[PDB]
Amino acid sequence: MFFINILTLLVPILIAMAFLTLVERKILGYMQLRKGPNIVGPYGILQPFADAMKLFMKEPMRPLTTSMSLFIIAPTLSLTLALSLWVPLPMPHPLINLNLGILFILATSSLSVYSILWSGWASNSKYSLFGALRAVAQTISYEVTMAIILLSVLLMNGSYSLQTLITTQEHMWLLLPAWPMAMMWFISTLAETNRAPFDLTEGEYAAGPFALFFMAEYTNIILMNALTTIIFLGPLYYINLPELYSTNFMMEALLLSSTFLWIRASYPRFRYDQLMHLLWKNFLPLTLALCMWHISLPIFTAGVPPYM
Amino acid sequence: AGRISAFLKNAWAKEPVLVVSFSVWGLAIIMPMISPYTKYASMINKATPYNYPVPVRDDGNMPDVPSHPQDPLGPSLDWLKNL
Amino acid sequence: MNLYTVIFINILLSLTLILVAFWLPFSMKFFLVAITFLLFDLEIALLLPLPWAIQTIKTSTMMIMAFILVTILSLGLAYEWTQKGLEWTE
Amino acid sequence: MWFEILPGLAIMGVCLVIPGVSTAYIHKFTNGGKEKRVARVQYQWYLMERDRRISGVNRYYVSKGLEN
Amino acid sequence: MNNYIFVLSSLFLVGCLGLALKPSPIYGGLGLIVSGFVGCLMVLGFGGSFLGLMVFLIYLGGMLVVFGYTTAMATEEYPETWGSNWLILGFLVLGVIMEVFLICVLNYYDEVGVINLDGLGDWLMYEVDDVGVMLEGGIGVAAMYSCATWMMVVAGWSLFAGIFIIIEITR
Amino acid sequence: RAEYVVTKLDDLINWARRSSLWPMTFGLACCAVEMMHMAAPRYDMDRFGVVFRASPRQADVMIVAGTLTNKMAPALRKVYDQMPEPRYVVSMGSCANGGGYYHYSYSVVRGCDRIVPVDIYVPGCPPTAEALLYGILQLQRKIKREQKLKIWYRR
Amino acid sequence: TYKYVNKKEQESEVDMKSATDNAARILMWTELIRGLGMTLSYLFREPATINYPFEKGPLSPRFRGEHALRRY
Amino acid sequence: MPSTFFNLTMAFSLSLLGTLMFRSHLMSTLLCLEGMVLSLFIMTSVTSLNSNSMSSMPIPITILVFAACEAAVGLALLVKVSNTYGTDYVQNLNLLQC
Ligand SMILES: CCCCCCCCCCCCCCCCCC(=O)OC[C@H](COP(=O)(O)OCCN)OC(=O)CCCCCCCCCCCCCCCCC
Ligand SMILES: CCCCCCCCCCCCCCCCCC(=O)OC[C@H](COP(=O)(O)OCCN)OC(=O)CCCCCCCCCCCCCCCCC
Ligand code: SF4
């Protein structure tokens, strides 16, 4: 039964990424006063399969000055992490019920720098290494707030578990409080996923590797929006209606993933220096201040949460 | 008063983020002394029974300790409910 | 056993995809950034146990120590700022 | 018009709803019509092992009750 | 699964051996990463959830990351290192086999001493509160804030002063 | 017969390769504003599956748009070489078809068909985005009319 | 006749009102939600696209296309 | 416990051997030092968890902090050495012999 559960978890998220590609294209088109894909299949639902076939049918021109080891284990690692992140997620009951689950998320997210850096060091150049260093620095820098935000918001629920946030928001979202922490969390998800306006790394791989990188990217997108939904937009949980919880979670995650593309179409890009100034001069001060605020709140209020 | 208030308005216009950070810092360090609901935190975290209450011998001279959970000679945290 | 199974499955799937793929046919600024990130990640390490520390009785002490941590971290940040460590204008 | 992105939005929504209800149903099936008992500490693990030992069929979810 | 922790410790040994042998500052980083992964796994085997996940999130995500960063930006790979890499890979094989023979001799010389291969799966957990809550590792690592505040101030001061130290060294 | 399934396999491969055409837009001159107008709403390049502009390292088709000079030919050839097989080329305009209004000049290549092999020639100075789209669909059909697996089978 | 772009008619006021308005603009991300609204409005319009081989773009009796040699 | 501790000590010894035996680089020595750090962290955490002594868990945290600081200053020194000579080699530090 467990292998069946694993299949039910993995297959749909991959399908959902493959179709999130199409949703992005169509939304950007309609925002640009055009349609997008209409032909290959009814409304385009065959275009992702077409593209997958095309890529995987191309011929890989593997750079000659390179290392096959780091050439193969970079996208393998990326996809492995992007899939193993979806495991602990309570939807509402999790495939693997972990304590310290958000910490597992932090770590398995921070482990992608290794691939995004080995790819560059493998490609024998200096421009690719420059780009890789810069992207690594960006991702690293934003991991700091990605961590502190949770460190401060996990004091309204005294546990690092994801199955406690359901009862923590059994009456009210964690957005009304910490809406300044969300606005800083919703963005570090863009910069972490190198998503516009933070795409200074994609604005040098064969068909298969490029496809794996694409899959990892969009999977991480869906997952970050799912974390937002679970944490700051706690859906409904009636003990007998996991169906209800899952429906609401899906709706909110789709809202968020469409907001990402809304933004991509709406705004220009950033400049690496200004992108780093943003964090190190606007997000870290406010983050530390609100961290102290949220360490004091449960004290000068008698609302310090429990450890079950 | 005037000079410093003009400085604060200049800041409030130029770098509101720094102002907000410092003011939240101050609120954090100050409110826990104003609030009356502070003590209750230690009170509760003490009242939580993560261990077994090992009893003691009835050696005669101990009138202010009960012989049964349902006696009023011991502590009673009805203030938690009333909270 | 279950975590092991899931991660093994993911690794197998990734390697299978990447096999099918082939079988079908100096600036000190970045260093300073890394160092600052170290000095903040270790602070995260010292800051993570707050959900267990705020369950104690010595609240007047946890308040104090957490405030000390955050304050001196902010001061170190401000100094790295004043000394032009967050500029990028070579 | 804007109502042609739904053929994909709904596909993704169904694919994102499947995991949750699938896991819930499979839990209810493998654990005797009940949720999968969680063990955050050793006390719950002890209760679970004890239920398993008193079952007589080596399964923690076979509740016995007063009859025994 | 009696051989679980033994396999983990042996993989750690092989990783540190591939460190001792010095292929290059990048394959050394990969070896360090593997050894740290295995170290976390064995800590979790011994029950250190917080310790192991902290290793994950800080040692790897924070330390080996900047190691590889500084390596790429301030190191160059020279062509000679490849033949010597193969040579030291053979060296690593020989070392593995020597260690196996070492362990055999030590089992022959001390049955219940150095290593009790007969009692491998045993002597992992000695005692545990079965009905006990509040006995994880966070309960201890969070002592720092109530008892052992001295350690917290020490560490915070080290980190604080590291800023000034590094700015003065690089400058 | 194996012939049936082999025909179907080739048909599927060609469907994918023709429905996921990604262009490298080697746009040199006034035969590129028309490609932009073709990406624009009224023609929506992206509606058939042809992305607006991708990287020259993962592209399938290559649109040569405008006058190719003797100072620019080597870069175009290097791009063609870097591109991954199976790769197709489309020459948009008189300049790239035969040199056009500068055919008798000293700094012009009298046809991109001397530097790279071409599959579809679009005539015009400039050819409307409608004509460029017609040419790209002609390329789609040229792809749909391939028999790779058949020729490898009956070899 | 000339005009000025990016020049104010005179200095502004540092009043608490205007300072707080600018601080709201900064923190609450006000000037960006309007761009989001423009994109949403465009999402809720009709696109100018046409089925090409079935719907053709409009031309004029003066269009200069392919050549022809005529007769009487 | 005995077996894993024996192997951890053997690993520390191997990394110290690597430090005391240079191979023309310096990163390959800092990495051995960090391997030592890791082995000691693991041994300490394992003894803490074996003895159930929750009053000794801060020790791994402290040693990790201080090893991080040491590694940072070492990396800075290596960066200066490279900035000056061009390589993280050890035959270039042949000065001070006079
Ligand atoms: C060639 C390509 C190479 C690419 C490979 C990339 C793979 C990386 C995949 C991501 C890494 C995931 C990290 C896993 C850490 C697990 C942390 C965790 O939370 O597990 C702890 C688990 C539960 O414990 P706890 O939550 O504290 O409380 C339970 C009480 N009810 O209690 C446990 O300890 C469960 C047992 C531990 C299981 C962990 C196994 C993780 C997967 C192993 C990967 C093996 C890959 C090959 C070897 C790696 C290189 C040597
Ligand atoms: C009890 C009383 C006291 C309690 C304490 C708390 C009181 C409230 C404190 C106020 C909190 C303010 C909000 C916190 C975040 C503010 C961050 C910020 O202001 O960023 C500043 C930065 C611009 O700075 P700057 O360049 O200097 O401005 C131009 C100067 N003319 O701006 C930026 O660069 C941001 C870049 C944004 C680019 C992407 C925007 C996308 C927006 C999409 C919509 C997101 C909506 C949120 C989604 C929620 C997710 C569920
Ligand atoms: S053919 Fe005419 S329109 Fe096209 S590039 Fe040449 S001169 Fe310009």
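Here Cβ is always computed from backbone atoms with ideal geometry, including for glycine, and neighbour counts include all displayed protein chains. Just so you know, all these numbers are worked out from the coordinates, no wet-lab data involved.
Annotations
- Any hit, the stretch A:120-130, residues being under 24 Å from A:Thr80 (Cα atoms) and within 9 Å of chain C (Cβ to nearest Cβ): no
- Within the stretch F:53-91, the residues that satisfy the criterion of being closer than 16 Å to F:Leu21 by Cα and of a type in the set (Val, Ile, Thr) are F:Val61, F:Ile63, F:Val64, F:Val89, F:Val90.
- The stretch A:190-210, subset within 16 Å of ligand 2 (Cβ to nearest atom) and part of a helix (DSSP H, G or I), residue nearest to A:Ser67 (Cα to Cα): A:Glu192
- Matching residues in the stretch A:243-271 - criterion: being farther than 18 Å from A:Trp173 by Cα and assigned to a helix (DSSP H, G or I): A:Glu243, A:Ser257, A:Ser258, A:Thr259, A:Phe260, A:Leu261, A:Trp262, A:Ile263, A:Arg264, A:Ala265, A:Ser266
- The residues of the stretch C:51-62 that are buried (at least 22 other Cβ atoms within 10 Å of the Cβ) and aliphatic (A, V, I, L, M), listed by number, are C:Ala53, C:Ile54, C:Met62.
- Of the residues making up the stretch E:118-152, those that are outside any loop (DSSP other than H, G, I, E, B) and surrounded by 15 or more Cβ atoms within 10 Å (Cβ to Cβ) are E:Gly138, E:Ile139, E:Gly140, E:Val141, E:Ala143, E:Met144, E:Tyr145, E:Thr149, E:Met151, E:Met152.
- Evaluation of D:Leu16 against (1) within 16 Å of ligand 1 (Cβ to nearest atom); (2) at the interface with chain A (Cβ under 9 Å from one of its Cβ atoms) (one fails), failing number: (1)
- Within the stretch A:48-65, tally of residues that are of a type in the set (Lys, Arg) and not in a helix (DSSP H, G or I): 2
Okay, residues lined up against (1) closer than 20 Å to E:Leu11 by Cα; (2) touching a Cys at 6+ places or on another chain (Cβ under 7 Å); (3) within 7 Å of another protein chain (Cβ to nearest Cβ):
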{"residue": "H:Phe5", "(1), (2), (3)": "yes, no, no"}
{"residue": "H:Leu17", "(1), (2), (3)": "yes, no, yes"}
{"residue": "H:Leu26", "(1), (2), (3)": "no, no, no"}
{"residue": "H:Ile42", "(1), (2), (3)": "yes, no, yes"}
{"residue": "H:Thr84", "(1), (2), (3)": "no, no, no"}
{"residue": "H:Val90", "(1), (2), (3)": "no, no, no"}
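- Filter result for H:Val65 (at the interface with chain E (Cβ under 8 Å from one of its Cβ atoms) and more than 16 Å from the chain's Cα centre (by Cα)): no
- Per the listing C:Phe37, C:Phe30, the residue uniquely touching a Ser or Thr at 6+ places or on another chain (Cβ under 8 Å), within 7 Å of chain A (Cβ to nearest Cβ), under 30 Å from H:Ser82 (Cα atoms) and part of a helix (DSSP H, G or I) is C:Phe37.
- Filtered residues of the stretch C:1-27 (kept if facing chain A (nearest Cβ under 7 Å) and under 27 Å from the mean Cα position of the chain (by Cα)): C:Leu3, C:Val6, C:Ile7, C:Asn10, C:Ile11, C:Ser14
- Of the residues contained in the stretch A:148-161, none is found to be part of a loop (DSSP other than H, G, I, E, B) and out of contact with any helix residue (DSSP H, G or I) (no Cβ under 9 Å at 6 or more places or on another chain).
Okay, residues lined up against (1) among the small types (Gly, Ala, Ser); (2) within 15 Å of the chain's Cα centre (by Cα):
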| position | (1), (2) |
| --- | --- |
| F:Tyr101 | no, no |
| F:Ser105 | yes, no |
| F:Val116 | no, yes |
| F:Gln138 | no, yes |
| F:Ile143 | no, yes |
| F:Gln147 | no, no |
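- Unique residue being farther than 14 Å from D:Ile11 by Cα and assigned to a helix (DSSP H, G or I) when the list is A:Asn38, A:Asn5: A:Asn5
- The single condition among (1) crowded, with 21+ Cβ neighbours inside 10 Å; (2) away from ligand 1 (no atom under 16 Å from the Cβ) that A:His277 does not meet is (1).
- Restricted to the stretch A:85-118, and to residues there that are within 14 Å of A:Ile222 (Cβ to Cβ) and part of a helix (DSSP H, G or I), the residue that is nearest to the chain's Cα centre (by Cα) is A:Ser109.
- Every pair of residues 6+ apart whose Cβ atoms lie under 8 Å, when the first sits in the stretch G:25-48 and is more than 14 Å from chain F (Cβ to nearest Cβ) while the second is of a type in the set (D, E, K, R) and within 9 Å of ligand 2 (Cβ to nearest atom): G:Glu31/G:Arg25
- When A:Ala135, A:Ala147 are screened for being over 22 Å from E:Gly31 (Cβ atoms) and at the interface with another protein chain (Cβ under 7 Å from one of its Cβ atoms), only A:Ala147 passes.
- Top-ranked residue of the stretch E:42-52 - restricted to ones that are of a type in the set (A, V, I, L, M, F, W, C) and surrounded by fewer than 24 Cβ atoms within 10 Å (Cβ to Cβ), ranked as farthest from ligand 3 (Cβ to nearest atom): E:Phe46
- Total residues in the stretch A:271-289 satisfying the condition of being away from ligand 2 (no atom under 11 Å from the Cβ) and of a type in the set (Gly, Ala, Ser): the figure is 0.
- Flag if H:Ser13 is small (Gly, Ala, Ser) and more than 7 Å from chain E (Cβ to nearest Cβ): yes
- Of the strands (runs of 3 or more DSSP E) lying entirely inside the stretch F:21-123, the ones with 2 or more residues being within 13 Å of ligand 3 (Cβ to nearest atom), away from chain G (no Cβ under 14 Å) and in contact with a helix residue (DSSP H, G or I) (Cβ under 7 Å, 6 or more places away or on another chain) are found at F:23-27, F:61-65, F:88-92.
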